[PDB]
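Some notes on the structure that comes next.
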Amino acid sequence: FXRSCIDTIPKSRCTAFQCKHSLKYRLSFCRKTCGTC
């Protein structure tokens, strides 16, 4: 089992802290903000 690059949570949640402490953000929720896409 598997769209484009888009999050499921209010981008307003992806903070410079989540993109550094939370990896799932740089490869799950923050698939654009962290410029990971």
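Numbers run from 1 along the shown chain.
Header says: solution NMR.
Here the Cβ of each residue, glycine as well, is placed from N, Cα and C on the backbone.
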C30 - recorded disulfide partner, Swiss-Prot, among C5, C14: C14
Of the candidates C19, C37, the one sharing a disulfide with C34 in Swiss-Prot: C19
Winner by Cβ contact number (other Cβ atoms within 10 Å) across the disulfide-bonded residues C5, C14, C34: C14
Integer Cα-Cα distance in angstrom, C37 (disulfide bond) to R13 (site 'Important residue for binding Kv1.3/KCNA3'): 17
